[PDB]
Amino acid sequence: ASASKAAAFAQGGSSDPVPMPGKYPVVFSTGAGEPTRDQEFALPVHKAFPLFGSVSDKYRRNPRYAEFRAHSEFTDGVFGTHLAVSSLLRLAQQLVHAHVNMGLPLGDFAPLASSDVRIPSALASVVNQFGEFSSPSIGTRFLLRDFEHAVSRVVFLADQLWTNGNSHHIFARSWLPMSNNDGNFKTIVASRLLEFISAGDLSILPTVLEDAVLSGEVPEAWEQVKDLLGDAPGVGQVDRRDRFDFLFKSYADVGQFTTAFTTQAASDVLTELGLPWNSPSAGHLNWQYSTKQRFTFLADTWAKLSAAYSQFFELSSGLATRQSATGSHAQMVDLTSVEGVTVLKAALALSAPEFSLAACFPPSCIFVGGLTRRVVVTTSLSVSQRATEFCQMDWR
Amino acid sequence: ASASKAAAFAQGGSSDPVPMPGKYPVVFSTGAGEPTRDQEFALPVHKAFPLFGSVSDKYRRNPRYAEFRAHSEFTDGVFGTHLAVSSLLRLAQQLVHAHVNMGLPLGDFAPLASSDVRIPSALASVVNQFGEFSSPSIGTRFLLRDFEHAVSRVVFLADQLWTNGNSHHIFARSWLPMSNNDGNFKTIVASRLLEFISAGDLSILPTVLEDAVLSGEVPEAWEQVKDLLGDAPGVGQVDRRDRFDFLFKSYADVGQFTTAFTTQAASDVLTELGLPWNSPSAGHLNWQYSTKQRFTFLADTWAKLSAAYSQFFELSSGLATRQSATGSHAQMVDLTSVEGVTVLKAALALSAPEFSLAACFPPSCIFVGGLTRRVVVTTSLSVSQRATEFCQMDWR
Amino acid sequence: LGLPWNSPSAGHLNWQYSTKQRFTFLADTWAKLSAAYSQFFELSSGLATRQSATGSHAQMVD
Amino acid sequence: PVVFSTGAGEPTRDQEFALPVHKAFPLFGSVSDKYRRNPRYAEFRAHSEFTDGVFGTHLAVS
């Protein structure tokens with residue numbers, strides 16, 4: 001027990017990603033009150049009413065209230081121009097939030113986020129694209145759109161939700177994180193990944209080498225779709241993009257959609273039902289028309305469903321900022337069912353919440369950055385200094 | 001506050017290796033008492049006396065007393081037959097131990113492991129190979145033998161100390177852990193890594209493709225040397241095994257083993273002199289002749305090292321079993337020196353030891369295993385039941 | 001012998017290798033010079049900042 | 001040279017002479033103090049001259 005310039009430092013450094021999964025569908029299946037008889041069945045319909053209770057809290061008042069802003073994140077009003085409170089936040093939100101709360105431990109060393117200027121923009125879109133069209137496209141379709149990492153405005157975290165695919169297939173092939181950038185760019189998607197990180201690892205995971213038959217499927221197509229996603233979706237809008245995103249997510253590529261996620265009901269349905277701009281300025285008009293209509297749908301919420309005052313379960317959003325929004329080790333998806341469940345994986349989460357997570361196993365497509373920057377200058381203790389000092393105790 | 005079947009469980013599971021570095025050389029340079037003037041200098045040689053002062057403790061009494069045995073690994077007395085102690089453990093041992101005690105946190109999820117039936121076997125050898133022949137080969141040579149992950153008896157954690165080399169050069173490539181078992185096997189080089197995990201990632205990191213000039217000088221031989229390590233060292237001794245290994249660790253192969261290997265001298269000098277059995281045959285006879293002699297030399301510790309009766313600084317290794325030997329993140333080295341000394345510690349180690357435990361130690365090349373087995377049978381609360389309940393608090 | 005750099009290049013490397021070594025040699029002061037444990041005359045340089053270092057006309061030699 | 005001629009303890013008989021060389025040992029005994037710990041500790045820094053630690057990184061003593 002000797003002494004050489006000690007301290008105690010806290011840190012934060014890592015990445016985070018999110019997905020739109022069939023998870024919401026399990027949370028909006030209408031289990032929450034469909035079988036509740038408080039003759040509230042006076043007021044019509046209850047199909048979308050429940051589902052739509054998903055957004056308007058899980059993206060602005062819950063997560064973007066403490067996670068975003070507090071994350072050393074000086075947020076611009078015009079993305080929170082309207083701090084919202086929807087008492088409809090069933091047992092899923094204060095729960096959901098705890099479930100999905102952007103933030104990792106400090107006793108460890110991680111954090112979350114990569115594009116909250118593009119993600120939300122899309123989410124809002126989805127809430128509108130979904131909570132406006134036909135509320136429940138039965139898994140197939142709506143789920144596709146959301147898990148299809150739908151068309152972008154050039155930023156979209158997509159590339160990550162897509163990176164999932166390629167990696168899974170290439171067993172032996174382990175890629176340098178650089179592959180995480182492949183999302184956008186022209187050539188570098190046909191040199192780094194596709195050619196080098198393919199004619200190398202691709203020429204192995206499936207070395208068809210077919211002759212006079214065009215390497216259809218068998219890696220070479222996923223790469224093409226990859227090459228596409230590189231040059232043919234970043235050149236702008238127009239059918240040339242959808243049609244050639246769709247062509248790349250539609251036909252011939254029926255083998256490329258099998259890797260990731262897809263149904264001829266997302267693409268030919270959703271995709272042919274959104275107008276490429278359904279992700280770009282839709283993401284805008286969904287914030288300055290849909291967010292103001294979010295109002296209507298929120299006020300409608302704080303007016304209609306509010307009327308659900310007569311049951312006695314809901315509560316209101318009383319501004320976090322004190323409530324916070326980070327802490328849950330949503331890291332590494334805790335799921336594995338076989339006769340009996342099995343919550344697994346790294347992220348020494350908790351014990352009281354863990355197992356309570358059944359309602360919702362939060363999952364941020366995190367990258368994970370083993371970083372504990374115990375940065376230390378020694379303009380006062382040239383390592384050696386200590387050395388003699390300590391050395392001068394083993395002598396006597 | 002949703003609870004549902006919580007618990008709180010602690011676990012352990014991960015890898016762990018070890019290396020013989022120039023680290024010892026910095027701990028045996030004779031800076032602990034070489035300048036001490038108590039006239040102890042009564043006609044005596046103090047060259048090896050210091051260097052060999054830590055061996056008999058840092059491998060049986062210190063580490064193997066708690067780490068090994070307490071690690072739930074049924075130990076055979078004939079690897080600890082002479083559970084003797086050494087009071088010469090100056091300030092480097094109780095320190096060293098804390099510096100190199102194998103036992104990751106539980107608040108996290110990791111542990112130690114990499115053949116303690118082969119490691120110690122070789123270590124004891126080194127103790128003899130070094131502390132007997134050339135007590136200070138001046139970095140070059142002895143350090144080599146140590147770092148060279150010296151000849152094995154088929155086991156040897158070499159394969160890992162060698163894997164540190166083929167992964168360093170291959171930037172564009174990352175490999176599936178399956179490349180760790182790259183050690184021994186006749187196919188490791190004619191299949192997975194070398195051909196596939198090479199004609200793919202190696203045909204990129206060095207795609208010489210030379211004609212009538214034999215392409216081996218371009219890291220295809222590292223694959224060959226790899227090939228060798230695959231088929232030519234596992235075929236027994238045939239002395240040439242050294243010759244080969246040596247050939248592959250010398251003759252032209254110098255340009256091969258200089259990415260993560262030492263000086264050939266420590267191969268023709270050491271290895272050849274040592275006689276291939278000085279790692280398998282030596283180990284045994286070094287454990288049941290040298291370990292017994294370890295006493296004759298422990299006597300050197302409790303007679304030669306004991307003669308240090310008056311200086312009064314020595315008095316280490318009183319307990320065990322109770323003193324334990326696991327719980328110091330001296331793992332993920334992550335140390336860098338520039339003007340000042342910065343010590344980045346991936347795993348949230350400590351703050352009192354950290355900065356104190358930089359004076360020398362920073363343990364081996366663990367192969368981390370993100371594992372937090374938070375398992376959970378569901379023969380009591382079929383997720384629906386819970387959800388069904390919680391849902392019954394979101395209806396009213 | 002020194003090589004022209006032994007005044008510019010040396011200085012730097014003498015401040016960030018020799019100053020560090022200055023320790024290895026300071027060790028010579030706190031190990032070699034420290035071995036002088038018993039004679040009992042040495043014990044200088046306890047403070048600074050408070051001890052100051054300016055105010056002696058040891059200037060104009062004369 | 002007049003301060004390192006070895007007149008401070010060369011004639012001292014305490015038998016400290018236990019197999020050691022005392023030629024440079026004396027001469028080099030003042031360096032590490034007369035330029036950082038002694039002079040540059042107050043003179044320099046207190047002289048209102050914004051000093052960079054990388055000229056006093058090892059504010060060690062002797």
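The record names cryo-EM as the way this model was obtained, at a resolution of 4.7 Å.

In the nomenclature of the PDB entry, chain D corresponds to Capsid protein from the organism Penicillium stoloniferum virus S.

In the nomenclature of the PDB entry, chain A is known as Capsid protein of Penicillium stoloniferum virus S.

Visitor: Pulling in residues and values, what's your account of the overall build of chain A?
Guide: From N to C terminus, chain A includes 14 helices and 2 strands. Seen through its C-alpha atoms, chain A measures out along the principal axes to roughly 90 × 70 × 50 Å. For chain A, restricting intrachain contacts to residue pairs at least 6 apart in sequence, the fraction spanning at least 24 positions comes to 75%.

Visitor: Explain the overall build of chain D residue by residue, including any values.
Guide: On a plain count of helices and strands, chain D comes out with 2 helices and 0 strands. Relative to its length of 62 residues, chain D is extended, with a C-alpha radius of gyration of 16 Å against a globular reference of 11 Å. Oriented by its inertia axes, the alpha-carbon framework of chain D measures out at about 45 × 20 × 15 Å.

Visitor: Describe the interface of chain A and chain B, with residues and values.
Guide: Facing 33 residues of chain A, the contacting portion of chain B comprises 42 residues. When residues of the side of chain A that touches chain B are traced back to their parent elements, those giving at least two are strand 1 (173-175), strand 2 (342-343) and helix 14 (384-394) of chain A. The residue inventory of the side of chain A that touches chain B, partitioned by class, reads 16 nonpolar, 9 polar and 8 charged. In terms of strand pairing, strand 2 of chain A meets strand 4 (residues 374-375) of chain B through 2 bridges, oriented antiparallel.

Visitor: An account of the relation of the copies chain A and chain B is requested, with residue identities and associated values reported.
Guide: Least-squares fitting of chain A to chain B yields an RMSD of 0.8 Å, with the transformation described by 0.1 Å of translation along the axis and a rotation of 179°. Read as a symmetry element, the transformation amounts to a two-fold axis. The share of interface residues of chain A whose copies in chain B are also at the interface is 91%, consistent with both copies meeting through the same surface.

Visitor: Mind laying out unusual backbone geometry, listing which residues take part and the relevant values?
Guide: The backbone phi angle of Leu-319 of chain A is positive, close to 55°, even though this residue is not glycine. With respect to the secondary-structure elements, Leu-319 of chain A resides in the loop between helix 13 (291-299) and strand 2. Even without being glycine, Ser-52 of chain C reaches a positive phi, approximately 60°. For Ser-52 of chain C, the position within the fold is in the segment after helix 3 (27-32).

Visitor: Explain the arrangement of the chains to me, and be specific about the residues and the numbers.
Guide: With 4 pairs of chains in contact, the largest contact count belongs to chains A and B. Left apart from each other, chain A and chain C have a closest C-alpha approach of 6 Å. Separated without contact, chain B and chain D have their nearest C-alpha atoms at a distance of 7 Å.

Visitor: Please give an account of the pairing of strand 2 (residues 335-338) of chain B that cites residues and values.
Guide: Two faces, one strand: in a regular strand the side chains alternate between the faces of the sheet. All names here are of chain B. Bridge count between strand 2 and strand 3 (residues 340-343): 4 bridges; the pairing is antiparallel. Counterpart to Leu-335 in the pairing with strand 3 is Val-343. A loop of 1 residue connects strand 2 with strand 3, the two strands running antiparallel in sequence, and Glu-339 in this loop sits at a positive phi of about 65°.

About the cut-offs
Residues numbered from 1 in each chain as written, not as in the entry; some residues may be left out. Chains lettered and ligands numbered in written order. Part of a larger assembly, values for the part shown. Heavy atoms only, no water. Residues with missing side-chain atoms left out of burial classes, pairs and counts. Helix = DSSP H or I, 4+ residues; strand = E, 2+ residues; numbered from the N terminus. Contact = heavy atoms within 4.5 Å. Rg over C-alpha atoms; globule rule 2.2 N^0.38 Å. Nonpolar A, V, L, I, M, F, W, Y, C, P; charged D, E, K, R; others polar. Pairing = 2+ DSSP bridges. Least-squares fit on C-alpha atoms.

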